[PDB]
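Taking the form deposited in one PDB entry, here's one chain by itself in C-alpha cells.
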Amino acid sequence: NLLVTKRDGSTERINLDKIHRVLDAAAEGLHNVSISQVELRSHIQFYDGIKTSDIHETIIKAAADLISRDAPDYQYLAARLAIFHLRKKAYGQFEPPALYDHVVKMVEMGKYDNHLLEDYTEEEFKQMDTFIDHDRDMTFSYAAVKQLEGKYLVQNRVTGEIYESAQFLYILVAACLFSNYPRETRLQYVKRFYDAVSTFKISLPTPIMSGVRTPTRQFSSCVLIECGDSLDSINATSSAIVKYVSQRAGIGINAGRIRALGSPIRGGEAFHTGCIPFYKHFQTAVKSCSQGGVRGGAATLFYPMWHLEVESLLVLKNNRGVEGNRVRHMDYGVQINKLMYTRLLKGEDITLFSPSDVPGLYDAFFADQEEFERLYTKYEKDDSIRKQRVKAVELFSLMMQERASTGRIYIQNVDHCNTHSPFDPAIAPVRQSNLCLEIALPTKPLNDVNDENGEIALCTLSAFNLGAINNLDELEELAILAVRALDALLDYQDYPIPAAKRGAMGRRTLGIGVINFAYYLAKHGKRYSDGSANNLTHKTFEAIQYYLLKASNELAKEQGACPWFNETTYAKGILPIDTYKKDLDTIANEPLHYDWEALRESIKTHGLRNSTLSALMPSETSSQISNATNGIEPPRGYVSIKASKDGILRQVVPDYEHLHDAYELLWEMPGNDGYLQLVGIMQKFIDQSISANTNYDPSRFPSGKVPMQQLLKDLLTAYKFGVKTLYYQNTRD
C-alpha cells in the first residue's frame, strides 16, 4: 500500500517491477552482478511518498557500493543507472533530442555560444547528428559519470539543473574547435575528433571538457605569471590571478624577484615589510573565486633557494605558527641549480641574497650557470653587500622536512629547465613552473594589467590514452588531431589579460601528455621499480614526441610557424635528443627508431606551429573519464577510493580480471629509483616537464620514520637523471 511521488508531484502505488526493469537494462552484458543485491540494499531505504528521483539515486548509490574485486562490473551498472537519470534530468526522457533542436534551444537559453548557429547550418547539425553514437554513454565507468555530472556537463551551478548529455558534449567540443576550418574538410575533422575523444583515445582536460561550447571562452588549464619587484607589477599580478582563476585556470606565480624584508625603498623612504605580506595577497587573489564554478582555485608560488627570506618562506605551510607568518593555502616550488647541490655534497655553506642587492645574479640563475657561479662567488666575497650564510645541509633538510610534512613543497631544477629546453635561455629563459610542475614556459613581468609588453604563459592540455592503442604508429594520426584541435582553440578562445594573449599568440604553447601508463606497462609485463620498463619507456616516448613535432611541423607548412619560433632551440636545429642529461645513457640502451635528422631539417626549414608540444600532467580528474590510471602514476590499489563532491567513489583499474597480477601498486614498490629513472627517460623527449611524485612508506623504515638521508638521496638521484621538477610527496598512512 506504499506510495511514491512522481516527477509531476502526483502519487501512485509503488511498483517494484518498474525498478527491476531499469536494473535489467543497466545489467545487460555484465558479469557477476546481482540485481537482487542492489534491490535488497535499496528497498529497505524506501518510505511512504518517496520521490521517484530519490528512488533512482538510491539504486545508483546501492550499485556503486558493490563495486569490488569480486564483482568489478558494478562500475558499469552504477554508471548506466546514473546515465539513465541524467537523461531524464536533461531531456525529460531517455532518448536525446535532435542535435540542431538541442543547440537552438540551448543558445536561446544562453547556455551555448551564439557562434554555433552562425558557423553551422541546420543541414550540418543534422549531418553531425549522424556522427553521434549515444550508446557510447553506456561505456563509461561510475567514476567517469560522477565527473560528468559533477564538473563537465553544462549545468546551473545555483539550481543544479543538467542541460546536456555526454555525447552532445563531445560533438560540440569538436564542432567548436574546428568551426573556423574550411567547409571542404571541416566536418571530416569534427567526426574524426569526436570519435577520438568519445572512444577515449584522446583525453581532454577539465576546462575544455566543461568549457568548449559555453559563452565563456577560456580553456587553458595553466597560467604562469611572473611578478616584478614593484607595486605596479604586484597589483597587475594580483589582477591577472583573480581574472584567470575565475575563468577555469590554475596558476603558477613567480615572486622570487621581490626584494627581501628590510630592504630600502626609494633610497630609504620606506622599510620593505617583506615578501610574506605580498604572498598573502596573492593567496586571497587565488581563493577569491571558484575555478569557473567547477572547483576551487589553486596556485603554486616560486622563489629561488638563495633568497634571503628562504628560511621564512619554507615554513609558510607549517601549522605550528601564528597567522602573521603563515600562508598555508598555496603551494611552493623551491628553485635549485647545480651549485646549490654542490654545496650540499661538499658539506659547505649557502649564501642568501636579496635579488635587489645582487646585479645580474637572478638572471644568470636561469640562463647562464657559469655566469651565475662567477657572480655568486663574487658577491659572497663582497662585504658591502647584505647577506646571510647557512649550512647547505641544514637548508636542504628544512626544505625536505617541510616537503615531507605537507607534501606540497616542490622542487624545480632551473638549470635542467634551461639547458634541456625548447627555448634559448638568452632570449626566453624558463624561470618558473605551474601548479602541478609539468609546465615550463617563458614569462615577462607586467607593469599594468593591460601592459602590452608583459608576457603571461598559457598552456592548453590534452593526453594520449596509452591503454587504447595497439601500435605506436596510431600516435601519428592522434597527434595530428590533438595538435590541430588545441592550436585552433588558441584562435577560438578569448583572453581576459592582454599579456596572456601575447604568450599564447606568440608561442602557441601546447602541453600534451599521456594517461593509462601503468595499464600500458601491465600489458607489456613490465614494472616500475626493477628497471624492466626503461627501454620500453624510451621507445614509447620517442614515438610520442616525434609524432607531436611532426604534426606541429606539418601544421606550420599549412598555416605558418608561430611568430616567436626563432626564440626556440628548434629554430637553431637543436632537438631534445641533443640536449638531454647524459647520465640517461647508463639506464637505457634503446636506440632511436625514427628519422630525427630528416625531422630536424624540416623543422629548421618550415618551423613549428607550436613552441612546445609535450608535458606530462597528473590528469587527476580528466583521466577518470576513460577509467584510466591517472597520468604516469601507478594505482594505489586494484579498487581505488577517490574523492568527489557527492562522496567517496570506487574506481577499478582497467582490465582487472586479466591483469590483477600484472600491476605494481603504489605501495608495492621498494623505493623511488625505478620510478625516477622512468621519469628521467621520459624527460629526454618531453618539451616541458613532468608532475613527478615521490613516495614513502614509513613502515618500511626502522622506528617508522623516514630518514633525512633517504629524502636527500632521492632528491639527488632525480637531479642526476635530469628530472626538472618534483611534485607531490606521498607518505603512506
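Each residue number is its position in the shown sequence, starting from 1.
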| item | value |
| --- | --- |
| Stretch with the higher entry mean CA B-factor, where the candidates are 347-355 and 317-325 | 317-325 |
| Between the two ranges 644-652 and 69-77, the one averaging a larger CA B factor in the entry | 644-652 |
| Of the residues 130, 619, 433, 283, the one carrying the largest Cα B-factor as recorded | 130 |
| Third assignment of residue 672 from its chain's C-alpha B-factors | middle |
| Ranked C-alpha temperature factor of residue 25 among modelled chain residues, by third | highest |
| Residue 666 CA temperature factor, ranked by third within the chain | middle |
| Residue 684 - which third its CA temperature factor falls in, relative to the rest of the chain | lowest |
| CA B-factor placement of residue 232, once the chain's modelled residues are sorted into thirds | lowest |
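Below: the form deposited with a partner chain bound, not depicted.
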property: Residue contact check: residue 15 to the partner chain in the entry with it bound, 4.5 Å heavy atom; result: no
property: Contact label in the entry with it bound: residue 20 to the partner chain, heavy atom within 4.5 Å; result: no
property: Contact of residue 717 with the partner chain in the entry with it bound (heavy atom, 4.5 Å); result: yes
property: In the entry with it bound, residue 338 touching the partner chain (heavy atom, 4.5 Å); result: yes
property: Selected contact from 180, 121, 342, 579, since only one has a non-hydrogen atom within 4.5 angstroms of the partner chain in the entry with it bound; result: 342
property: In the entry with it bound, the one of 591, 92, 525, 347 near the partner chain [non-hydrogen atom within 4.5 angstroms]; result: 347
property: Interface stretch in the entry with it bound with the partner chain - options 703-711, 31-39, 44-52, 65-73, non-hydrogen atom within 4.5 Å; result: 703-711
